[PDB]
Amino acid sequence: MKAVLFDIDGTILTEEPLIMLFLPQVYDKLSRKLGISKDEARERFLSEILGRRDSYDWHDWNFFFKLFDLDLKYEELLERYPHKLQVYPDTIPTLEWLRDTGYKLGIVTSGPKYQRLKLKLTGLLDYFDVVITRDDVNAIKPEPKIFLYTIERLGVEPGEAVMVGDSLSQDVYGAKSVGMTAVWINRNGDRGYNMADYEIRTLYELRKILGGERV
C-alpha cells in the first residue's frame, strides 16, 4: 500500500461534546423564533435531521441552521469552541507512524468545507497530503468521484490505497466499490455485517494490518 485515507467524524475525532454544547442554544433560538417550547423545538429540529438522512445536506450543520432561518454559522461555533472537538487517543500515534513509514495521507469526508477547519483547530491538518470534502467535489460518499479525486491528487492507484471510516455504507462500500482496501473502525461494538476487509476498534490496529515495512 502507498496511501491511507481517513474519514473524520467518529474516525479521527468526535465533535460530540460541541454538539451537546450548541444544541440547547439551537432549541432556545428556535423556541424564540417560532413561539414554541424548547421541547417542541428539539422535536422539530431532530425530525428534520432524521428526515434528510443519506441526502447531500444531511452532513452539513449550516444547511439545518439555514433551514430554520437561524443566525448561527458552524464555522463560528468551531472557532469559538475548538476545545469541544475531541481527538481520539489512538489518532496522533497512528498518523505519526503512517507518516514515518512513508504512507501518503488523505481525508475523504462527506462533510462540507468547515471539515478542514476542524482539522486545523485540532492540529491534525498538517498530517495530511490531501483533504477532500463534499464542497471540493460537489459529491458525498459513497459516490466514486469523491474517492477517485482524492487518490488522483495523492498520485496513487485505487489498489494502492486503504480507506478507514466508521460508515459501512459511505466508507466501506464506497472505498471497496472503486477498488480500495476497506477498513471499518468500530468503536461502539456495532454490527459489521461481514463487509469490510478488516474491522478494528482502534486506529492502532492498522500497524499489524499493514505490517512494518516502509513504502
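Residue numbers run from 1 along the displayed sequence.
> Would 107 to 115 or 73 to 81 have the larger average of its C-alpha temperature factors, as given in the entry?
The entry gives the higher C-alpha B-factor average to 73 to 81.
> Return whichever of 162 to 170 and 64 to 72 has the greater mean Cα B factor according to the PDB record.
64 to 72 has the higher mean C-alpha B-factor.
> When the CA B-factors of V178, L50, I185, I146 are compared as recorded in the entry, which is the largest?
When the deposited C-alpha B-factors of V178, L50, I185, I146 are compared, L50 is largest.
> Taking the entry's C-alpha B-factors for this chain, is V215 in the lowest, middle or highest third?
Tercile = highest for this residue's CA B-factor.
> Determine, from the deposited record, the chain-internal third of the Cα B-factor for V4: lowest, middle or highest.
Its C-alpha B-factor, which the entry lists for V4, ranks in the middle third among residues of this chain.
> Quick one: classify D100 as lowest, middle or highest third of the chain based on its Cα B-factor.
Within its chain, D100 is a highest-third residue by C-alpha B-factor, going by the deposited values.
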